[PDB]
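Some notes on the structure that comes next.
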Amino acid sequence: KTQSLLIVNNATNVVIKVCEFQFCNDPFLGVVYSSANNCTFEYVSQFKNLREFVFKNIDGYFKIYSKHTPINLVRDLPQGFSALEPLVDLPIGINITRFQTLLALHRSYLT
Amino acid sequence: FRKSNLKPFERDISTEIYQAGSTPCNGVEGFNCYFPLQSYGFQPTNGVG
Ligand SMILES: *[C@@H]1O[C@H](CO)[C@@H](O[C@@H]2O[C@H](CO)[C@@H](O)[C@H](O)[C@H]2NC(C)=O)[C@H](O)[C@H]1NC(C)=O
Ligand SMILES: *[C@@H]1O[C@H](CO)[C@@H](O)[C@H](O)[C@H]1NC(C)=O
Ligand SMILES: *[C@@H]1O[C@H](CO)[C@@H](O)[C@H](O)[C@H]1NC(C)=O
């Protein structure tokens, strides 16, 4: 009914679309889905791991900050300090009130 | 017709009915209810403005 954002990694590039999606109740990707109707913007670009992200939505822009580092601890968050560089400054121009994460699954229940 | 104002540089594309009363509107513009978009009148026989 209103416009949504979607960022999807396919293990070789980055897809960013602002099309009008009618979603599932649990969306995921089978090791897949994105609807399409009446859009404006589209973008294509390029445990012992730790990636950190910061999202902001101010003045019609969508700010993203990023940093990756090799952790070697068991189950917590580390203790030191590392600052996050800027990544992208997408001009999407929507209203964002909730969000939800997309994982890679097997059982292809598309609701 | 719009409920609240806009923020800078954000656009609104939503062709759904907006109620001007406590009574519900469900696709029909009957009970003190309108359509949120109505068009223009661009005629060559008009003045400036
Ligand atoms: C952005 O979306 C939110 C959520 O849909 C809107 O917040 C609603 O605002 C109305 C009044 O305009 C309230 O009656 C609702 O309770 C609000 N919902 C929530 C979940 O907070 C918000 O108005 C939208 N932004 C703009 C500029 O309209
Ligand atoms: C995402 O990766 C798959 C790999 O099979 C590729 O076929 C597909 O073209 C990629 N998506 C886009 C939008 O290019
Ligand atoms: C998107 O635009 C097409 C043609 O411009 C229109 O048929 C369709 O209803 C629009 N979808 C919306 C506004 O959700």
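Heads up, chain A uses Swiss-Prot numbers, so what you see runs 113-143, 159-173, 186-250.
Heads up, header says this was done by electron microscopy, 2.9 Å.
Backbone N, Cα and C define each Cβ position, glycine as well.
According to Swiss-Prot, the protein has these features:
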DISULFID  A:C131-A:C166  disulfide bond
CARBOHYD  A:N122  N-linked glycosylation site
CARBOHYD  A:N165  N-linked glycosylation site
CARBOHYD  A:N234  N-linked glycosylation site
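Overlay of Swiss-Prot feature records on the structure.
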residue	record	DSSP (3 states)
A:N122	N-linked glycosylation site	coil
A:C131	disulfide bond	coil
A:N165	N-linked glycosylation site	coil
A:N234	N-linked glycosylation site	coil
*What's the CA-CA gap between A:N165 (N-linked glycosylation site) and A:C131 (disulfide bond) in angstrom, rounded?*
6
*Go through the recorded positions A:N122, A:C166, A:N234 and pull out the ones with a Cβ less than 6 angstroms from some atom of ligand 1.*
A:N234
*asked:* Among all protein chains shown, how many Cβ atoms are found within 10 Å of the Cβ of A:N165 (N-linked glycosylation site), not counting that one?
replied: 9
_A:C131 (disulfide bond) and A:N234 (N-linked glycosylation site), Cα-Cα, nearest whole angstrom_ = 13
_recorded positions in contact range of chain B, given that the Cβ distance is under 8 Å, out of A:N165, A:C166, A:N234_ = A:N165, A:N234
_Annotated recorded positions A:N122, A:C131, A:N165, A:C166, A:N234, filtered by Cβ under 6 Å to ligand 2_ = A:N122
*Tell me, how many other CB atoms lie within 10 A of the CB of A:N122 (N-linked glycosylation site), whichever protein chain they belong to?*
9
*asked:* Given A:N122, A:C131, A:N165, A:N234 as the recorded positions, which ones have a Cβ positioned under 6 Å from some atom of ligand 3?
replied: A:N165
*Sparsest Cβ surroundings (other CB atoms within 10 Å) among the disulfide-bonded residues A:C131, A:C166*: A:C166
*asked:* To the nearest Å, how far is the Cα of A:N122 (N-linked glycosylation site) from the Cα of A:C131 (disulfide bond)?
replied: 18
